[PDB]
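In my numbering, the protein residues as written are 6 to 270. Heads up: the structure comes next, in structure tokens.
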Amino acid sequence: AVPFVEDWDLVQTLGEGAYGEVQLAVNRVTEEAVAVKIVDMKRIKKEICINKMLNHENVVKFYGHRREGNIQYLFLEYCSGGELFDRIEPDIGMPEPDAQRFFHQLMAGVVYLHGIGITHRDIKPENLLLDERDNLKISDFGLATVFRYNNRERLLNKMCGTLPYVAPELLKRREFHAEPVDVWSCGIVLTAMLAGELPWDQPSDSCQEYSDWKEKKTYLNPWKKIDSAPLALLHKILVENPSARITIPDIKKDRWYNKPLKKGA
Ligand SMILES: c1ccc2[nH]c(-c3n[nH]c4ccccc34)nc2c1
């Protein structure tokens, strides 16, 4: 019934991703905003697929796809808060309570994804978007994949993600469980929120700072910035053996996880 309701003005670049660009579009009638992620197939059927499965307040909403010959357009929730990456001040981090709130929302979203059998595989502050109220949303299912189907797990073997965030089993083992990889990467992001710095270049036995963590020398950065409650949680998440690593139901019971810290909005 409504005429030009389907015209959007491309208003500005939001981020020029590796595969193309995302542009803030705005509806000319309604003034609705959306990010339109632009992928030129000639330079994704899975990313569209996984996106159609998803519905949850801490996951970026996907509205639809315009096909346009070669240019793939993906029509996604606009988060005017930008990326979490930007609320982490270098060498400092952010207030404990802001962190603990963003960590509760990250867990929520991750519980939502594992429970529908999807693994995101690239969790990091650049992929954690914040709306106008400062609600966290998990973004970008470009690297993600299925790890339970018809209620049977499959082990992963493809190496992916982003080295400083990646679990150590994925560098040492041919095959590994999906869910401890995401947990692990959640703890790297926590460590960043609380110290403003990343602990190691990669979780290799050839990485001095990683050997230091494994040795427990927490009198060094970034751990000295951290504080015994959160850090105790981090001692359970960054455990090298993925079978011994804390799981999400157990992070929900953790003492700092349940510590009152913040006065509501
Ligand atoms: C400020 C700066 C960059 C931003 N990127 C978004 C954004 N929302 N939805 C997306 C979906 C995919 C990629 C980016 C986004 N909002 C921003 C606000």
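For every residue, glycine included, the Cβ atom is placed at its ideal position computed from N, Cα and C.
Per DSSP, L236 lies in no beta strand (DSSP E) segment; the continuous alpha helix (DSSP H) that holds it begins and ends at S233 to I242. Residues of the same chain with a CB within less than 8 Å of the CB of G87, apart from the 5 flanking positions on each side, are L134 and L135 in chain order.
For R106, no beta strand (DSSP E) run applies; the uninterrupted alpha helix (DSSP H) run containing it begins and ends at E101 to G120, by DSSP.
When secondary structure is reduced to three states using DSSP, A149 falls in the coil class, being assigned neither helix nor strand.
Inter-segment contact for the segment 47-57 and the segment 70-79 is present: three or more beta-carbon pairs are separated by less than 8 Å.
Judged by the Cβ position, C84 qualifies as a neighbour of ligand 1 at the 8 Å threshold, a heavy atom of the ligand being closer than this.
Where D217 is concerned, the enclosing alpha helix (DSSP H) starts and stops at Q213 to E220. If you draw a straight line from the Cα of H70 to the Cα of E36, it is about 20 Å long.
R250 counts as buried, since no fewer than 16 other beta carbons sit within 10 angstroms of its beta carbon. For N56, the uninterrupted alpha helix (DSSP H) run begins and ends at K50 to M58, by DSSP. When beta bridges are read from the DSSP output, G86 appears opposite no residue.
A distance below 9 Å separates the beta carbons of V39 and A30. In this chain, the beta strand (DSSP E) harbouring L141 covers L141 to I143. Nearest C-alpha to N63 among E11, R92, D139 and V34: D139. The secondary-structure analysis by DSSP pairs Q17 across a beta bridge with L29. A check of alpha carbon separations from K268 across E21, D103, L15 and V10 identifies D103 as the nearest. Here the C-alpha atom of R159 lies approximately 11 Å from the C-alpha atom of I123. When distances are taken from the beta-carbon of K129 to the heavy atoms of ligand 1, even the shortest one reaches 8 Å or more. Closest in alpha carbon position to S144, among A172, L111 and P100, is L111.
Rounded to the nearest angstrom, the Cβ distance from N263 to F146 is 30 Å, too far for a contact under 8 Å. Looking only at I256, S233 and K230, the smallest Cα-Cα distance to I242 is reached by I256. In the DSSP assignment, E158 forms a beta bridge with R153. Scanning its chain for C-beta atoms nearer than 7 Å, with the 5 sequence neighbours on each side dropped, one finds around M46 the residues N75 and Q77, in chain order. Shown here, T196 sits in a helix according to DSSP, grouped into three states.
For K42, the shortest separation between its Cβ and any heavy atom of ligand 1 lies below 8 Å.
Annotation for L148 indicates a beta carbon at 8 Å or more from all heavy atoms of ligand 1. Your pair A183 and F152 checks out as a contact, with CB atoms roughly 4 Å apart and the cut at 8 Å.
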